[PDB]
file final38.cif (mmCIF, C-alpha atoms)
data_protein
loop_
_atom_site.group_PDB
_atom_site.id
_atom_site.type_symbol
_atom_site.label_atom_id
_atom_site.label_comp_id
_atom_site.auth_asym_id
_atom_site.auth_seq_id
_atom_site.Cartn_x
_atom_site.Cartn_y
_atom_site.Cartn_z
ATOM 1 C CA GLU A 1 185.242 190.289 133.759
ATOM 2 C CA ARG A 2 181.424 190.825 134.055
ATOM 3 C CA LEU A 3 179.314 189.437 136.752
ATOM 4 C CA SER A 4 177.019 187.688 134.240
ATOM 5 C CA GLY A 5 179.813 185.202 133.283
ATOM 6 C CA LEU A 6 180.368 184.231 136.897
ATOM 7 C CA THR A 7 176.703 183.823 137.854
ATOM 8 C CA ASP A 8 175.396 181.576 135.090
ATOM 9 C CA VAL A 9 172.921 179.411 136.946
ATOM 10 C CA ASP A 10 171.768 177.594 133.774
ATOM 11 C CA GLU A 11 175.254 176.189 133.049
ATOM 12 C CA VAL A 12 175.356 174.901 136.684
ATOM 13 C CA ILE A 13 171.946 173.163 136.128
ATOM 14 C CA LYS A 14 173.043 171.713 132.747
ATOM 15 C CA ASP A 15 176.230 170.329 134.280
ATOM 16 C CA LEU A 16 174.259 168.925 137.308
ATOM 17 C CA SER A 17 171.723 167.227 134.995
ATOM 18 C CA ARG A 18 174.393 165.667 132.806
ATOM 19 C CA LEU A 19 176.338 164.291 135.793
ATOM 20 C CA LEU A 20 173.204 162.863 137.470
ATOM 21 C CA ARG A 21 172.242 161.090 134.217
ATOM 22 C CA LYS A 22 175.737 159.583 133.954
ATOM 23 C CA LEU A 23 175.757 158.406 137.576
ATOM 24 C CA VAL A 24 172.187 157.116 137.984
ATOM 25 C CA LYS A 25 170.075 155.367 135.323
ATOM 26 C CA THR A 26 167.065 157.603 134.656
ATOM 27 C CA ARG A 27 164.508 158.240 131.913
ATOM 28 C CA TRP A 28 164.481 161.982 132.502
ATOM 29 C CA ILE A 29 165.302 164.844 134.890
ATOM 30 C CA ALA A 30 163.262 168.010 135.352
ATOM 31 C CA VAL A 31 164.657 170.972 137.317
ATOM 32 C CA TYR A 32 162.624 173.848 138.719
ATOM 33 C CA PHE A 33 163.383 176.971 140.717
ATOM 34 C CA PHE A 34 161.219 178.210 143.576
ATOM 35 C CA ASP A 35 159.850 181.685 142.734
ATOM 36 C CA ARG A 36 155.044 183.863 142.941
ATOM 37 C CA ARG A 37 154.787 181.003 145.405
ATOM 38 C CA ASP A 38 155.476 178.160 142.980
ATOM 39 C CA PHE A 39 158.072 176.191 141.087
ATOM 40 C CA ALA A 40 159.064 177.463 137.686
ATOM 41 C CA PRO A 41 160.565 175.129 135.057
ATOM 42 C CA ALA A 42 164.328 175.688 134.636
ATOM 43 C CA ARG A 43 165.677 172.804 132.551
ATOM 44 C CA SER A 44 164.767 169.235 131.563
ATOM 45 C CA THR A 45 166.822 166.446 130.077
ATOM 46 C CA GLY A 46 165.472 163.346 128.417
ATOM 47 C CA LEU A 47 161.780 164.229 128.175
ATOM 48 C CA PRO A 48 159.978 162.887 125.104
ATOM 49 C CA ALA A 49 159.902 165.747 122.606
ATOM 50 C CA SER A 50 156.099 165.993 122.706
ATOM 51 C CA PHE A 51 156.257 166.834 126.448
ATOM 52 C CA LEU A 52 158.828 169.619 126.167
ATOM 53 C CA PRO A 53 156.180 172.370 125.524
ATOM 54 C CA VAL A 54 154.241 171.021 128.547
ATOM 55 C CA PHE A 55 157.289 171.182 130.845
ATOM 56 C CA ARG A 56 158.187 174.688 129.651
ATOM 57 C CA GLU A 57 154.744 176.191 130.247
ATOM 58 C CA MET A 58 153.545 174.433 133.446
ATOM 59 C CA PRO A 59 154.444 175.968 136.827
ATOM 60 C CA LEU A 60 153.991 173.642 139.801
ATOM 61 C CA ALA A 61 151.961 175.172 142.697
ATOM 62 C CA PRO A 62 152.336 173.498 146.158
ATOM 63 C CA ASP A 63 148.836 174.720 146.942
ATOM 64 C CA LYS A 64 147.572 172.470 144.136
ATOM 65 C CA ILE A 65 149.933 169.553 144.475
ATOM 66 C CA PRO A 66 150.060 167.939 147.945
ATOM 67 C CA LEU A 67 153.355 166.044 147.290
ATOM 68 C CA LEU A 68 155.026 169.351 146.575
ATOM 69 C CA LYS A 69 153.571 171.058 149.561
ATOM 70 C CA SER A 70 154.948 168.199 151.712
ATOM 71 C CA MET A 71 158.373 168.314 150.088
ATOM 72 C CA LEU A 72 158.485 172.084 150.667
ATOM 73 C CA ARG A 73 157.213 172.057 154.281
ATOM 74 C CA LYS A 74 159.540 169.235 155.393
ATOM 75 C CA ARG A 75 162.493 170.287 153.178
ATOM 76 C CA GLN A 76 162.995 166.618 152.366
ATOM 77 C CA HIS A 77 163.000 164.277 149.400
ATOM 78 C CA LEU A 78 160.003 162.089 148.552
ATOM 79 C CA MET A 79 159.602 159.166 146.100
ATOM 80 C CA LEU A 80 156.401 157.965 144.416
ATOM 81 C CA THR A 81 156.646 154.425 143.176
ATOM 82 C CA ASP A 82 153.041 154.421 141.866
ATOM 83 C CA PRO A 83 152.119 157.966 140.799
ATOM 84 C CA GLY A 84 149.141 156.780 138.720
ATOM 85 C CA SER A 85 147.239 155.830 141.866
ATOM 86 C CA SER A 86 148.516 158.596 144.162
ATOM 87 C CA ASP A 87 146.161 161.104 145.776
ATOM 88 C CA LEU A 88 149.241 163.344 146.396
ATOM 89 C CA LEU A 89 149.175 164.436 142.767
ATOM 90 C CA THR A 90 146.785 166.232 140.475
ATOM 91 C CA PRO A 91 144.596 164.098 138.095
ATOM 92 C CA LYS A 92 146.631 165.631 135.232
ATOM 93 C CA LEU A 93 149.909 164.509 136.903
ATOM 94 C CA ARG A 94 148.712 160.979 137.824
ATOM 95 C CA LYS A 95 148.057 160.355 134.133
ATOM 96 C CA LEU A 96 151.235 161.953 132.879
ATOM 97 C CA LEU A 97 153.424 160.007 135.371
ATOM 98 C CA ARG A 98 151.464 156.727 135.548
ATOM 99 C CA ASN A 99 154.278 154.552 134.052
ATOM 100 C CA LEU A 100 156.999 156.126 136.207
ATOM 101 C CA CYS A 101 158.799 155.891 139.558
ATOM 102 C CA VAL A 102 159.411 159.600 140.544
ATOM 103 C CA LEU A 103 161.968 160.914 142.950
ATOM 104 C CA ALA A 104 161.483 164.539 144.140
ATOM 105 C CA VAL A 105 164.598 166.134 145.657
ATOM 106 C CA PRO A 106 164.380 169.678 147.028
ATOM 107 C CA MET A 107 167.283 172.057 146.374
ATOM 108 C CA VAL A 108 167.994 173.126 149.942
ATOM 109 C CA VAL A 109 170.537 175.653 151.143
ATOM 110 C CA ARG A 110 170.777 175.749 154.863
ATOM 111 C CA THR A 111 167.117 175.817 155.889
ATOM 112 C CA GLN A 112 165.608 177.181 152.670
ATOM 113 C CA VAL A 113 164.144 175.427 149.561
ATOM 114 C CA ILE A 114 165.272 177.220 146.380
ATOM 115 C CA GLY A 115 164.166 174.694 143.775
ATOM 116 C CA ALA A 116 163.482 171.041 143.089
ATOM 117 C CA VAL A 117 164.945 168.207 140.946
ATOM 118 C CA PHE A 118 162.597 165.479 139.759
ATOM 119 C CA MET A 119 164.027 162.222 138.354
ATOM 120 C CA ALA A 120 161.982 159.504 136.707
ATOM 121 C CA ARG A 121 162.280 156.020 135.391
ATOM 122 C CA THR A 122 159.709 153.503 134.173
ATOM 123 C CA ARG A 123 158.065 151.449 136.880
ATOM 124 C CA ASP A 124 159.188 148.070 135.464
ATOM 125 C CA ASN A 125 162.706 149.086 136.634
ATOM 126 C CA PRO A 126 163.670 148.933 140.300
ATOM 127 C CA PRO A 127 162.840 152.109 142.217
ATOM 128 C CA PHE A 128 165.662 154.500 143.085
ATOM 129 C CA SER A 129 167.694 152.820 145.903
ATOM 130 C CA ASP A 130 168.999 154.441 149.086
ATOM 131 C CA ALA A 131 172.500 154.279 147.521
ATOM 132 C CA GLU A 132 171.371 156.096 144.357
ATOM 133 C CA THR A 133 169.354 158.605 146.378
ATOM 134 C CA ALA A 134 172.373 159.413 148.607
ATOM 135 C CA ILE A 135 174.426 160.358 145.506
ATOM 136 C CA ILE A 136 171.575 162.391 144.055
ATOM 137 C CA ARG A 137 170.947 164.289 147.300
ATOM 138 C CA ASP A 138 174.674 165.093 147.648
ATOM 139 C CA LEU A 139 175.101 166.374 144.069
ATOM 140 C CA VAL A 140 171.884 168.427 144.192
ATOM 141 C CA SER A 141 172.965 169.923 147.500
ATOM 142 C CA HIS A 142 176.250 170.942 145.976
ATOM 143 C CA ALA A 143 174.510 172.583 143.001
ATOM 144 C CA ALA A 144 172.022 174.295 145.295
ATOM 145 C CA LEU A 145 174.795 175.956 147.317
ATOM 146 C CA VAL A 146 176.514 177.198 144.160
ATOM 147 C CA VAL A 147 173.222 178.486 142.641
ATOM 148 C CA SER A 148 172.355 180.239 145.883
ATOM 149 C CA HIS A 149 175.737 182.092 145.857
ATOM 150 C CA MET A 150 175.010 183.120 142.226
ATOM 151 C CA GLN A 151 171.318 184.143 142.775
ATOM 152 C CA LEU A 152 172.530 186.556 145.505
ATOM 153 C CA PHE A 153 173.273 188.827 142.488
ATOM 154 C CA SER B 1 173.817 175.028 158.892
ATOM 155 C CA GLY B 2 175.090 173.928 155.461
ATOM 156 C CA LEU B 3 174.329 170.508 153.879
ATOM 157 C CA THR B 4 177.961 169.985 153.000
ATOM 158 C CA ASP B 5 181.514 171.340 153.478
ATOM 159 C CA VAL B 6 184.887 171.088 151.736
ATOM 160 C CA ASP B 7 185.815 167.969 153.662
ATOM 161 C CA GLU B 8 182.539 166.216 152.778
ATOM 162 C CA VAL B 9 182.935 167.142 149.060
ATOM 163 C CA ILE B 10 186.440 165.668 148.965
ATOM 164 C CA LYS B 11 185.251 162.474 150.679
ATOM 165 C CA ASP B 12 182.401 162.242 148.161
ATOM 166 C CA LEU B 13 184.749 162.828 145.196
ATOM 167 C CA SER B 14 187.082 160.163 146.556
ATOM 168 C CA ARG B 15 184.310 157.635 147.001
ATOM 169 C CA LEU B 16 182.931 158.143 143.484
ATOM 170 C CA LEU B 17 186.387 158.029 141.866
ATOM 171 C CA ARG B 18 187.178 154.812 143.710
ATOM 172 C CA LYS B 19 183.854 153.307 142.694
ATOM 173 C CA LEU B 20 183.987 154.186 138.987
ATOM 174 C CA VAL B 21 187.698 153.954 138.159
ATOM 175 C CA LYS B 22 189.590 151.093 139.795
ATOM 176 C CA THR B 23 192.823 152.387 141.462
ATOM 177 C CA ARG B 24 195.395 151.192 143.999
ATOM 178 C CA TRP B 25 195.119 154.631 145.641
ATOM 179 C CA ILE B 26 194.162 158.272 145.254
ATOM 180 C CA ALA B 27 195.662 161.388 146.851
ATOM 181 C CA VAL B 28 193.977 164.795 146.843
ATOM 182 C CA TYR B 29 195.785 168.128 147.428
ATOM 183 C CA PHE B 30 194.761 171.786 147.558
ATOM 184 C CA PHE B 31 196.847 174.411 145.775
ATOM 185 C CA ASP B 32 197.973 177.167 148.146
ATOM 186 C CA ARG B 33 202.662 178.359 146.032
ATOM 187 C CA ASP B 34 202.627 174.607 146.563
ATOM 188 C CA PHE B 35 200.168 171.708 146.946
ATOM 189 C CA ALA B 36 199.035 170.755 150.491
ATOM 190 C CA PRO B 37 197.718 167.255 151.276
ATOM 191 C CA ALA B 38 193.947 167.083 151.733
ATOM 192 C CA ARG B 39 192.963 163.414 151.825
ATOM 193 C CA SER B 40 194.137 160.054 150.595
ATOM 194 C CA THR B 41 192.362 156.810 150.034
ATOM 195 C CA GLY B 42 194.052 153.430 149.744
ATOM 196 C CA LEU B 43 197.661 154.404 150.533
ATOM 197 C CA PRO B 44 199.727 151.788 152.392
ATOM 198 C CA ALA B 45 200.127 152.550 156.158
ATOM 199 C CA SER B 46 203.849 153.306 155.870
ATOM 200 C CA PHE B 47 203.337 156.164 153.504
ATOM 201 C CA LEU B 48 200.580 158.005 155.438
ATOM 202 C CA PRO B 49 203.237 160.033 157.325
ATOM 203 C CA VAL B 50 204.864 160.861 153.973
ATOM 204 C CA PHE B 51 201.540 161.926 152.443
ATOM 205 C CA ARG B 52 200.651 164.063 155.457
ATOM 206 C CA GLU B 53 203.987 165.809 155.660
ATOM 207 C CA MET B 54 205.289 166.158 152.051
ATOM 208 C CA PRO B 55 204.021 169.324 150.343
ATOM 209 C CA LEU B 56 204.555 169.130 146.569
ATOM 210 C CA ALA B 57 206.291 172.174 145.056
ATOM 211 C CA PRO B 58 205.893 172.852 141.294
ATOM 212 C CA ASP B 59 209.224 174.711 141.319
ATOM 213 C CA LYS B 60 210.827 171.376 142.288
ATOM 214 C CA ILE B 61 208.725 168.828 140.315
ATOM 215 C CA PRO B 62 208.531 169.480 136.569
ATOM 216 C CA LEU B 63 205.535 167.194 136.004
ATOM 217 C CA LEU B 64 203.562 169.302 138.441
ATOM 218 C CA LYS B 65 204.730 172.502 136.895
ATOM 219 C CA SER B 66 203.482 171.247 133.485
ATOM 220 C CA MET B 67 200.148 170.153 134.968
ATOM 221 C CA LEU B 68 199.691 173.564 136.561
ATOM 222 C CA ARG B 69 200.715 175.627 133.500
ATOM 223 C CA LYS B 70 198.807 173.644 130.940
ATOM 224 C CA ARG B 71 195.788 172.826 133.086
ATOM 225 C CA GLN B 72 196.129 169.275 131.683
ATOM 226 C CA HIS B 73 195.973 165.844 133.229
ATOM 227 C CA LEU B 74 199.259 163.985 132.717
ATOM 228 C CA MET B 75 200.078 160.292 133.066
ATOM 229 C CA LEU B 76 203.436 158.617 133.766
ATOM 230 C CA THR B 77 203.488 154.927 133.011
ATOM 231 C CA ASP B 78 207.164 154.739 134.087
ATOM 232 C CA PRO B 79 207.816 157.147 136.978
ATOM 233 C CA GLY B 80 211.105 155.429 137.850
ATOM 234 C CA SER B 81 212.758 156.542 134.619
ATOM 235 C CA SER B 82 211.082 159.950 134.448
ATOM 236 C CA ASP B 83 213.038 163.177 134.440
ATOM 237 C CA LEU B 84 209.848 165.065 135.320
ATOM 238 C CA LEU B 85 209.994 163.824 138.885
ATOM 239 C CA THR B 86 212.491 164.210 141.784
ATOM 240 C CA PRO B 87 214.724 161.305 142.966
ATOM 241 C CA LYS B 88 212.460 160.874 145.924
ATOM 242 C CA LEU B 89 209.294 160.585 143.763
ATOM 243 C CA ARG B 90 210.997 158.391 141.154
ATOM 244 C CA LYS B 91 211.703 155.841 143.916
ATOM 245 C CA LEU B 92 208.505 156.267 145.777
ATOM 246 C CA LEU B 93 206.452 155.792 142.605
ATOM 247 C CA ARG B 94 208.707 153.387 140.603
ATOM 248 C CA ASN B 95 206.247 150.496 140.709
ATOM 249 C CA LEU B 96 203.197 152.511 139.698
ATOM 250 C CA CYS B 97 201.404 154.178 136.844
ATOM 251 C CA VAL B 98 200.337 157.659 138.081
ATOM 252 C CA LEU B 99 197.752 159.984 136.638
ATOM 253 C CA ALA B 100 197.959 163.630 137.729
ATOM 254 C CA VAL B 101 194.642 165.525 137.378
ATOM 255 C CA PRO B 102 194.346 169.239 138.119
ATOM 256 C CA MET B 103 191.249 170.644 139.922
ATOM 257 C CA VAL B 104 190.345 173.627 137.713
ATOM 258 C CA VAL B 105 187.660 176.317 137.756
ATOM 259 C CA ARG B 106 187.746 178.737 134.718
ATOM 260 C CA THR B 107 191.480 178.390 134.201
ATOM 261 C CA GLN B 108 192.320 178.628 137.948
ATOM 262 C CA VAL B 109 194.038 175.569 139.462
ATOM 263 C CA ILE B 110 192.771 175.047 143.023
ATOM 264 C CA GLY B 111 194.087 171.543 143.704
ATOM 265 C CA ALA B 112 195.085 168.216 142.195
ATOM 266 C CA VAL B 113 194.100 164.534 142.349
ATOM 267 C CA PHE B 114 196.747 161.855 141.841
ATOM 268 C CA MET B 115 195.563 158.361 140.998
ATOM 269 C CA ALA B 116 197.767 155.266 140.952
ATOM 270 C CA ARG B 117 197.694 151.711 139.693
ATOM 271 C CA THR B 118 200.376 149.088 139.680
ATOM 272 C CA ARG B 119 202.472 149.003 136.541
ATOM 273 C CA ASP B 120 201.258 145.431 136.032
ATOM 274 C CA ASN B 121 197.649 146.527 135.321
ATOM 275 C CA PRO B 122 196.172 148.423 132.378
ATOM 276 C CA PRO B 123 197.006 152.114 132.395
ATOM 277 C CA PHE B 124 194.155 154.617 132.635
ATOM 278 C CA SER B 125 192.171 154.854 129.429
ATOM 279 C CA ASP B 126 190.578 157.807 127.633
ATOM 280 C CA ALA B 127 187.127 156.543 128.785
ATOM 281 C CA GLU B 128 188.386 156.538 132.364
ATOM 282 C CA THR B 129 189.870 160.019 132.133
ATOM 283 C CA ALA B 130 186.565 161.414 130.756
ATOM 284 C CA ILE B 131 184.781 160.140 133.862
ATOM 285 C CA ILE B 132 187.493 161.535 136.093
ATOM 286 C CA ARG B 133 187.336 164.980 134.442
ATOM 287 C CA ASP B 134 183.586 165.188 134.962
ATOM 288 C CA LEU B 135 183.774 164.290 138.642
ATOM 289 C CA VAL B 136 186.775 166.489 139.385
ATOM 290 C CA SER B 137 185.256 169.543 137.618
ATOM 291 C CA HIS B 138 182.136 169.318 139.702
ATOM 292 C CA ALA B 139 184.124 169.051 142.913
ATOM 293 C CA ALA B 140 186.390 171.959 141.911
ATOM 294 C CA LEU B 141 183.572 174.406 141.368
ATOM 295 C CA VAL B 142 181.806 173.536 144.654
ATOM 296 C CA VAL B 143 185.030 173.612 146.622
ATOM 297 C CA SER B 144 186.012 176.944 145.136
ATOM 298 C CA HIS B 145 182.638 178.427 146.068
ATOM 299 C CA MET B 146 182.960 177.153 149.631
ATOM 300 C CA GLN B 147 186.549 178.293 150.044
ATOM 301 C CA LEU B 148 185.616 181.743 148.774
ATOM 302 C CA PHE B 149 182.173 182.466 150.258
ATOM 303 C CA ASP B 150 181.669 180.099 153.235
ATOM 304 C CA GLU B 151 185.028 179.435 154.924
#
call {"tool": "encode", "arguments": {"input": "final38.cif", "output": "structure tokens"}}
result
Amino acid sequence: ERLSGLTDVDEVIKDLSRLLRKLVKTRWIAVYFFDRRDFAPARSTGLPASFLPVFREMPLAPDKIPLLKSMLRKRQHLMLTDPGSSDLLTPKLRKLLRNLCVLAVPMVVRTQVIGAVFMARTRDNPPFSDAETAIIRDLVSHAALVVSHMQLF
Amino acid sequence: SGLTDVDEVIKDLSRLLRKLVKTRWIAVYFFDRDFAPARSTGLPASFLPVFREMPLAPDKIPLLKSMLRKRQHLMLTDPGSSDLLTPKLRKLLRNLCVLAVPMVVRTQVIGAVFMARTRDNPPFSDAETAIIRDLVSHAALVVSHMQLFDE
């Protein structure tokens, strides 16, 4: 009956996160929307409790984080299999993510980036495969289209 | 140019269902007031003309009417003896266990997925139907958005 009940972007992101975790083995998932020129934290699932305040308060600025600027410019996914030693991250982020393989998937609708989904698992596990990534990219693209219809209001 | 379309979502749903829940076949329909064939996977050759040309009318098939009213998935382990089917479907499906799953967005039925196994194999379990519900709900919402705002 009211538009608010039909445009609930957070329930879309919750459902997306749950389904991804059920389909692909992951330590955690962190979803951001593209605002202010930067990515704002939307929802995480599986982060260690101590890192939840960090996630909730830390915007991600492409101008500070080369990986993110690349993802945004190319409108394509990127994976870091050794973030600890990557110049494409901030010193802060290299340390935070040092034990992790990180897949960065932009939320793209037509030609535009509206957000990003980051998925992580520990580096002693195999990196995300092409097969896993194909599923992820599909599901994120579905969610992005839905969210974009909703954010029109 | 969009990163997906209704056809690609249905192919994706079909692939994931087939991967995660072993079936003989699946058949997906859109709800129009009857169900129109969308795509099948795994049907024998001889029945592809039947699938392509047999709309399913709830007014004629009580099982489908129940599915549509209740917004519930329904399983028949013995279609041959079932009063909730037509003579045609009783014969067609006599050797199978069939799960009927509605494609629902906020109470609205937009389609259905039928999944079959042979009667000789284990029927679908509650664990299997939970997986199915999750996948079908996702597809339903995306498809409904596309049908409404993009097509």
call {"tool": "atom_distance", "arguments": {"input": "final38.cif", "atom1": "atom CA of residue A:61", "atom2": "atom CA of residue A:97"}}
result
16.9 Å
call {"tool": "residues_around", "arguments": {"input": "final38.cif", "residues": "residue B:78", "least_positions_apart": "3", "cutoff": "12 Å", "atoms": "only C-alpha atoms", "output": "ChimeraX atom specification"}}
result
/B:75,81-85,89-99,116-120,123
call {"tool": "closest_residue", "arguments": {"input": "final38.cif", "among": "A:37, A:2, A:25, A:74", "to": "residue A:129", "atoms": "all atoms listed in the file"}}
result
A:25
call {"tool": "resolve_selection", "arguments": {"input": "final38.cif", "expression": "the PyMOL selection byres ((chain A) within 9 of (chain B))", "output": "list in words"}}
result
residues 15, 16, 19, 108, 109, 110, 111, 135, 138, 139, 141, 142, 143, 145, 146 and 149 of chain A
call {"tool": "residues_near_point", "arguments": {"input": "final38.cif", "point": "(156.9, 156.4, 135.9)", "cutoff": "7 Å", "atoms": "only C-alpha atoms", "output": "PyMOL selection string"}}
result
chain A and resi 97-102+120-123
call {"tool": "resolve_selection", "arguments": {"input": "final38.cif", "expression": "the PyMOL selection byres ((chain A and resi 75) around 12)", "output": "list in words"}}
result
residues 67, 68, 69, 70, 71, 72, 73, 74, 76, 77, 78, 104, 105, 106, 107, 108, 109, 110, 111, 112, 113, 114, 115, 116, 137 and 141 of chain A; 3 of chain B
call {"tool": "atom_distance", "arguments": {"input": "final38.cif", "atom1": "atom CA of residue A:92", "atom2": "atom CA of residue A:47"}}
result
16.8 Å
call {"tool": "resolve_selection", "arguments": {"input": "final38.cif", "expression": "the PyMOL selection byres ((chain A and resi 14) around 10)", "output": "PyMOL selection string"}}
result
chain A and resi 9-13+15-19+31+42-45
call {"tool": "closest_residue", "arguments": {"input": "final38.cif", "among": "B:102, B:62, B:111, B:122", "to": "residue B:34", "atoms": "only C-alpha atoms"}}
result
B:111
call {"tool": "atom_distance", "arguments": {"input": "final38.cif", "atom1": "atom CA of residue A:119", "atom2": "atom CA of residue A:28"}}
result
5.9 Å
call {"tool": "closest_residue", "arguments": {"input": "final38.cif", "among": "A:130, A:38, A:124, A:8", "to": "residue A:64", "atoms": "all atoms listed in the file"}}
result
A:38
